[PDB]
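First, one chain by itself in structure tokens, the form deposited in one PDB entry.
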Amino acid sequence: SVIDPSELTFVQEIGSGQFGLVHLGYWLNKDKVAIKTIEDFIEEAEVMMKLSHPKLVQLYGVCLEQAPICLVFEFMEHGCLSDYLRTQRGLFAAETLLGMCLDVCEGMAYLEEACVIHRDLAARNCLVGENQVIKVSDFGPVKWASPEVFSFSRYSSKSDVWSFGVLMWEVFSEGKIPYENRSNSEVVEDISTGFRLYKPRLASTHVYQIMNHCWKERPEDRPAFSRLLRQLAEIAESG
């Protein structure tokens, strides 16, 4: 990485050590960003900016001088996880897919500890960056929804855990559509009767056990992301 002089602007001398004189300066950086267009939202911005974790897409600031009002986010090199898995189907090792779930689980455990509830945890709301890293976006439909959410709209970290179970299935199936040829009412019928998404070939028996644990009827039966994180981190290290 070489910086062209145009980008640099000297300001004042800030003393000198033994080898060379040091100066204060401003470096004009032209960085890639993802810009999302549209009292009400100005409150949300500073709070979202306080939420900092390497496994969550970062909010850099909000631009609101005039309409369309827009949010400046961290750029994620390879787009949404759903499309990433779909176009790369067959090019995935079970370790890369597990590693993707662990990435999501890290950001989710932080959001759980911060008492922030995601309402749409799905592979489409997860993004791929440098060296296949996965980060969570759109934090603050029935296929990823837990019984309490499609029946009574009762959101919590445990409903986010259900969504994570569906996300894990999307990851290990390499971006396949959950309950593909079923409608919003058919999905509700099947889940209530106790049926769950099949074990994908790439997922081990232990990974599928974790998925079904995220898919328990009672939300208090489902494990916390803090519990899910320690478990997945062990499988990722031991193999």
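Just so we're on the same page, rigid core means the largest C-alpha set that superposes within 1.5 Å between forms. Residue numbers here begin at 1 and follow the sequence given.
Undergrad: How many residues that are in the deposited sequence but not in the model lie between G140 and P141: none, 1 to 3, 4 to 9, or 10 or more?
TA: Count of unmodelled residues in between: 10 or more.
Undergrad: How many residues that are in the deposited sequence but not in the model lie between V33 and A34: none, 1 to 3, 4 to 9, or 10 or more?
TA: Nothing is missing.
Undergrad: Can you let me know which of the two, 203 to 211 or 23 to 31, has the higher average C-alpha B-factor in the entry?
TA: 23 to 31 has the higher mean C-alpha B-factor.
Undergrad: Mean C-alpha B factor from the entry: is it higher for 64 to 72 or for 49 to 57?
TA: Here the higher of the two C-alpha B-factor means belongs to 64 to 72.
Undergrad: Just to confirm, going by the entry's C-alpha B-factors, which of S153, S156, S82, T96 comes out highest?
TA: The record points to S153.
Undergrad: Could you tell me which third, lowest, middle or highest, the C-alpha B-factor of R222 occupies within its chain?
TA: CA B-factor rank for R222: middle third.
Undergrad: Please place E130 in the lowest, middle or highest third of its chain by C-alpha B factor as given in the entry.
TA: For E130, whose C-alpha B-factor we compare with every modelled residue in the chain, the answer is the middle third.
Undergrad: Which third, lowest, middle or highest, does the CA B-factor of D120 fall in along this chain?
TA: According to the entry, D120 has a C-alpha B-factor in the chain's middle third.
Undergrad: What third of its chain, lowest, middle or highest, does the C-alpha temperature factor of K176 fall into?
TA: Its C-alpha B-factor, which the entry lists for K176, ranks in the lowest third among residues of this chain.
Undergrad: Pull the Cα B-factor of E77 out of the PDB entry and bin it into the chain's lowest, middle or highest third.
TA: For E77, the deposited C-alpha B-factor lands in the middle third.
In what follows, reference is made to the form deposited in another entry, a form of this protein that is not presented.
Undergrad: Do you see a C-alpha shift of 2 Å or more at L28 between this form and the one not shown, with the core held fixed?
TA: True for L28: a C-alpha shift of 2 Å or more.
Undergrad: Inspect the rigid-core superposition and answer whether the C-alpha of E220 shifts by 2 angstroms or more between this form and the one not shown.
TA: No.
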